[PDB]
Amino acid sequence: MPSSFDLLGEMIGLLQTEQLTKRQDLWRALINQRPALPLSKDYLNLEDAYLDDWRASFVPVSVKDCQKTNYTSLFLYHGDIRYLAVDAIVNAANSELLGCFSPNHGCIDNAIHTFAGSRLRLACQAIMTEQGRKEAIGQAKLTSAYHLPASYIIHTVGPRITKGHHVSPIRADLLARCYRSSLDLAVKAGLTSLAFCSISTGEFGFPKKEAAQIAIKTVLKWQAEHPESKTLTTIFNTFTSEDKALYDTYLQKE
C-alpha cells in the first residue's frame, strides 16, 4: 500500500538489513548483487507492487509500432527491451542462467532480471538445479517474463570473442546457433513475435558488424528453411547507435 518512492525505500531497508543516489539505482544494486537464495514473502510483495506501478507508468511499444524493413516479417526496434510488448524477448544470458550480479550493470540480462523481478532469478535457479549443469552456448530456454510487457523470455548464451581476435567460421556459427535455437523454440511455443537483442556484442565482445551480418543471415536462412513458420514476426532490437546504423544499412538499403 506504500507509494513507489516509499516502496523503494522499504525494499532497500529489507535488502540492506538482510545479509548511486537515485533510490531506484540503490535498490537495483542491492537486488542485482543478492545471491540466488530464497526471498521473504514480504520482500516479494513490495517488489511486486513496485513493478506493477512501473508497468502502469508507460504504454508498451507494440509490434505494430516497430519499423518495417525490406524483408517480410523482420522489423526493427531501437529502444529498451523492457518496454516491448512481444510474445518473447531473447535474453543474452550467461551459462548459469541466474542473471547479472554486477550492480547496475548496463547489460540486457541485468535490465531484464531487475524489471521482470526476483521471481525470474528464483525460477532460473530451480530450472538450472533440475538440469544439474550449466547451459551450453547457443541453446534456448523459455521462462515467463513476469512483470515485463513481453509474455516470455528466451534465454540463450552466446559465444565470447577474446579481445583482439576475429570471428572464425566456428565462432560465427556458435552465435548463429543462438538465433536458430531461439527461433525453433518460439515456433514450438506457438509464439507469433520474437525480439532479439544484439547477442554477444556487449560484455562478450563480439564485433557488432559481423554479429549483425550473422543475425540477419541466420534469421533469413531460417525463414527460407522453415516455411511452416511464416506466422512469425522477428524484431531486431538495437540499443546502441552503432547497432542502429548497421541494422539500417543491411535491412533498409534503398
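In case it trips you up, residue 1 is the first one in the sequence shown, and so on.
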Counting only residues from the deposited sequence, how many are left out of the model between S241 and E242 (none, 1 to 3, 4 to 9, 10 or more)? none
Tell me which of 64-72 and 32-40 has the higher mean C-alpha B-factor in the deposited entry. 32-40
Mean CA temperature factor from the deposited coordinates, higher in 145-153 or in 97-105? 97-105
Tell me which of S118, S182, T162, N110 tops the list for C-alpha B factor in the record. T162
Looking at the C-alpha B-factor values in the deposited entry, which of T218, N45, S198, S193 comes out highest? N45
Quick one: classify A186 as lowest, middle or highest third of the chain based on its Cα B-factor. middle
Cα B factor band for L51 (lowest, middle or highest third within the chain): middle
Taking the C-alpha B-factors as the PDB entry records them, is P227 in the lowest, middle or highest third of its chain? highest
For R133, the third of its chain into which the C-alpha B factor falls: middle
CA B-factor placement of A212, once the chain's modelled residues are sorted into thirds: middle
